[PDB]
Amino acid sequence: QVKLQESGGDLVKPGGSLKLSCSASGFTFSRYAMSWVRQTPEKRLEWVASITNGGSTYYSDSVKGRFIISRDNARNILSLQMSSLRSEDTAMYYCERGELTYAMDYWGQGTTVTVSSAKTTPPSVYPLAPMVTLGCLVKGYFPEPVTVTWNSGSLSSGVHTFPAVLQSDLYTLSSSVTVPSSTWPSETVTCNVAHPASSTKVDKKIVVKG
Amino acid sequence: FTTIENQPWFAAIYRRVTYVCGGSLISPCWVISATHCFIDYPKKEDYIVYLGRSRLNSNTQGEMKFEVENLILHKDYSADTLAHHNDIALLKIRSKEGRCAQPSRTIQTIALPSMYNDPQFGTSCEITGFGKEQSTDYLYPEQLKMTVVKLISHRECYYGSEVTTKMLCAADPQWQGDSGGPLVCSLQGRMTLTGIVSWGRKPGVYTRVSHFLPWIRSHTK
Amino acid sequence: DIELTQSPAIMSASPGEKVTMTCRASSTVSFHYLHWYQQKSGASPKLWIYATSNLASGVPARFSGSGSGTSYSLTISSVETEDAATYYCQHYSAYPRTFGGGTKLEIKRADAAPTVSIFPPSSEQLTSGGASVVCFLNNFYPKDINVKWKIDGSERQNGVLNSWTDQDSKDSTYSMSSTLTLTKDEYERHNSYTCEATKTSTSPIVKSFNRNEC
């Protein structure tokens, strides 16, 4: 029940620097070590760095030197300060309670970090209108990732939000949502799409092609 | 999740109850341990030796409780500000039913080391024991924790003139065990109690048991 | 350098099955610090087993932690469909990677038909000058699937970039999203567009459409 909130996951230029915050509630921060892990694109999970409750820090050979884990135990925030960012570092950045040795009991939902030089492109969100199944095509959005929800969190199963893909150097993702034949149009459906980096949020009504 | 079956020589020596030190079943009668533990309070009455106990404040099953028939601290044990000298202890254990322990899956004696035989630095060895952590695990660590430490070498030891040479140092990366708890380096491929935890766990400085065999025999016989 | 090889990289089959994935370090590592994390698809690694055989709160009795030294294993006694996940070895004593490549557990299920959806490009796409005929192959088993995009009965290979949801946690299926990205024009140039899905029902289901028609 100990929530872990990464943030400041965002696009940043190669060699550039970014700092992820992780807000630690629901458990006693001062007691626990906190570790950062990053799960890559290819999905290999990388322990980035650990920081003992004490502030003593340990980093993956992968990022040591050019990353500084830090914690404010006043304000219960694990901080990962990344600098000299390489394309490597592009990765889902997960805030873990615990640390390597003893496991990480809890993981932050993860904040995403793209290290590239490509400008942010906000997803063009397009509606998909043909037991009807419906889509967002969110296209030409960078950097990863954009959240897709349906009816602002209402529509959950029926939702298949496919990983995005790389085309023209632009992430292009989808979301299938399926509602009973009497579910639509009837009542409203929209992909609720949010590209956090371009700070874009769209909600696209799916309006029958007829 | 009760890991003493792995490393079931491990003796959880408590003080009637707080956990003072680890230990290692050398014989059914005798738990070997650090002395620096008890010197602070040297009474056999004081201490309760558990065996087949995986856990600190939970009596795991298979665990056998023992009184210390006889406590034996090294007549020469010296506590430096830093090092502990001749930190070898010895505990004749008696159960509440008046008996030495019985070999189990969960409870066994650890072979003592060949007369005067030492693992090369870099050997792998294990320090069992709950260990005292800052950063709060959740084997927390009630749960008895084996930890593979690699023997380092004397000169390697970084402390000055400690090497007591009658001491092993070993460290892991990262860095766990319990003072008095054992260190077991697989010897000849058959598991041995290579050293007692004296100081540590900045490698740990283990009372080299192979030296103390004479002492041991002299006191266990 | 004390890796944790972890076989199988990916593992499969049926709920009720008893599956065990292995952490195999070599250069042997303490078990107390041998950890298993489980990442549900799209959520984050939950801690699964710790100290090798210890169950993180919530982790169901199914999973059990076994192992010592070089070889450690994770055992779902009986795979449920919600076990579809990747399971990682983790150990502080593994340089440089504390983590294992993981074992994706692909829960096997009864082969499913993709509920295939054919999507003409949105107005907003048209208006944009992009035209993506997206196709949704939802809830099918196994992940092994293909999609023929045919435009006017002819097969469009280029301009097609797909996605598969990593396996469903409730129904153990797989969805694909095929995006036939056509130009503003190239789309307009043509009428009937068709993504198609192909061995359980030997013929493949088709979902065809044409632009102005209707």
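The deposited coordinates derive from X-ray crystallography, with the record listing a resolution of 2.97 Å.

Visitor: Hey, could you run me through the sheet that holds strand β14 (residues 154-156) of chain C in this one?
Guide: Backbone hydrogen bonds hold the strands of a sheet together, and the pairing may be parallel or antiparallel. All names here are of chain C. Spatially, four strands are ordered β14-β13-β17-β18 in an open sheet, and the strand pairing comes out antiparallel. Each edge of the open sheet carries a strand with a single partner, namely β14 and β18 (205-210). Neighbour to neighbour, the strand axes of the sheet diverge by 30 degrees on average, direction disregarded. Direction of pairing for strand β13 (residues 147-151) relative to β14: antiparallel, over a ladder of three bridges. Paired with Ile-151 across the strands is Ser-154, a residue of β14.

Visitor: Looking at this structure, how should I read the packing of aromatic side chains?
Guide: Each aromatic ring pair is specified by the distance between its two centres and by the angle formed by the two planes. Considering all chains together, one arrives at 28 aromatic pairs over all chains under this definition. One aromatic cluster is present, formed by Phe10(B), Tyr14(B), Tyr19(B), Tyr50(B) and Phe130(B) through successive ring pairs. Lying across the ring of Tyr32(A), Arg97(A) places its NZ or CZ 4.1 Å from the centre.

Visitor: Would you mind going over the UniProt feature "active site" in chain B with me for this structure?
Guide: Residue and element names in this part refer to chain B. With numbering matched to this structure, UniProt assigns "active site" to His-36, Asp-87 and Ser-179. Checked against the element boundaries, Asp-87 lands in the loop between β8 (84-85) and β9 (88-95). The exposure class of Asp-87 is buried, given its relative accessible area of 0%. You can see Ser-179 is positioned in the loop between β12 (167-171) and β13 (184-187). Overall, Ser-179 belongs to the buried group, its relative accessible area being 17%. Apart from the residues within four sequence positions on either side, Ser-179 is in contact with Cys-21, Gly-22, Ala-34, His-36, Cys-37, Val-197, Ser-198 and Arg-201.

Visitor: Just to check I follow, could you spell out the interface of chain A and chain C for this structure?
Guide: Interfaces are frequently sized by the accessible area removed from exposure as the parts join. Facing 46 residues of chain A, the contacting portion of chain C comprises 44 residues. With both chains or domains summed, chain A and chain C bury close to 3500 Å², and 58% of this area falls on carbon and sulfur atoms. The three residues of chain A that bury the most area against chain C are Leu45(A), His160(A) and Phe162(A), which together make up 17% of that side's buried surface. Where chain A meets chain C, there are three salt bridges.

Visitor: Would you explain the interface of chain B and chain A in this entry?
Guide: In this assembly, 10 residues from chain B lie in contact with 10 residues from chain A. When the area that chain B buries against chain A is broken down by residue, the three leading residues are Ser135(B), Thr136(B) and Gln174(B), summing to 54%. Inspection of the region where chain B meets chain A yields zero salt bridges. Where chain B packs against chain A, one counts five residue pairs in polar contact. Looking at side-chain class alone, the side of chain B that touches chain A contains three nonpolar, four polar and three charged residues.

Visitor: Looking at this model, I keep getting lost on the side chain of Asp168(C). Mind explaining?
Guide: Looking at the element boundaries, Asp168(C) is found in the loop between β15 (160-164) and β16 (174-183). Within the buried set, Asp168(C) has no salt-bridge partner at all; the shortest N-O distance to an opposite charge, 6.5 Å, is to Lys170(C).

Visitor: Even after reading the chapter, I still don't get the sheet that holds strand β1 (residues 12-15) of chain B, so can you show me in this structure?
Guide: Residue and element names in this part refer to chain B. The seven strands are arranged β2-β1-β5-β6-β9-β4-β3 in an open sheet whose pairing can be described as antiparallel. At either end of the open sheet lies a strand with only one pairing partner, and these are β2 (18-21) and β3 (24-25). By the bridge criterion, two bridges tie β3 to strand β4 (residues 30-34) in an arrangement that is antiparallel. Counterpart to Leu-25 in the pairing with β4 is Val-31. Along the sheet, helix α2 (residues 209-220) makes contact with β4, β6 (64-73) and β9, crossing β9 at roughly 40 degrees.

Visitor: What exactly am I supposed to notice about the domain arrangement of chain B here?
Guide: Residues and elements named next belong to chain B. What the domain assignment reports for chain B is domain 1 (1-7 + 110-210) and domain 2 (8-109 + 211-221). Between the C-alpha centres of domain 1 and domain 2 there is a distance of 16 Å. Tallying the contact residues gives 42 residues for domain 1 and 39 residues for domain 2. When the buried surface of domain 1 facing domain 2 is broken down by residue, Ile-4, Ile-110 and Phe-130 rank first, second and third, together holding 22% of it. Where domain 1 packs against domain 2, one counts two salt bridges. Residues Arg-105 and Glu-5 are paired through a salt bridge, measuring 2.9 Å at the closest nitrogen-oxygen approach. In this structure, the connection of domain 1 to domain 2 is made through 18 residue pairs in polar contact. Sort the elements by how many residues they give to the side of domain 1 that touches domain 2 and strand β15 (residues 195-199) lands first, with four residues. For the side of domain 1 that touches domain 2, the residue count by class is 21 nonpolar, 15 polar and six charged.

Visitor: For this particular structure, what's the right way to read the environment of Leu4(C)?
Guide: Residues and elements named next belong to chain C. Position of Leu-4 relative to the elements: it lies in strand β1 (residues 4-5). Remark: the alpha-carbon pair of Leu-4 and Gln-90, spanning 86 residues in sequence, is separated by 7.8 Å. Dropping the residues within four chain positions of it, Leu-4 is found in contact with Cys-23, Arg-24, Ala-25, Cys-89, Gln-90, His-91, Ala-94, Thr-98, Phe-99, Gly-100 and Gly-101.

The rules behind these values
Residues numbered from 1 in each chain as written, not as in the entry; some residues may be left out. Chains lettered and ligands numbered in written order. Heavy atoms only, no water. Pairing = 2+ DSSP bridges. Helix = DSSP H or I, 4+ residues; strand = E, 2+ residues; numbered from the N terminus. Axes fitted to C-alpha atoms, helices over the stretch in contact; angles between N-to-C directions. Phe/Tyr/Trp six-rings, centres within 6.5 Å; stacked < 30°, edge-to-face > 60°. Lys NZ or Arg CZ within 6 Å of the ring centre and 35° of its normal. UniProt positions renumbered as here; feature names shortened; annotations may be inferred. Buried < 20%, exposed > 50% of the residue type's maximum accessible area, 1.4 Å probe, protein only. Contact = heavy atoms within 4.5 Å. Buried area = accessible area lost by both parts, 1.4 Å probe. Salt bridge = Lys/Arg side-chain N within 4 Å of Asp/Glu carboxyl O. Polar contact = N/O pair within 3.5 Å; in protein donor to acceptor, adjacent residues only side chain to side chain. Nonpolar A, V, L, I, M, F, W, Y, C, P; charged D, E, K, R; others polar. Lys, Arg positive; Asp, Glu negative; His and termini not counted. Domains from an automatic or database assignment.

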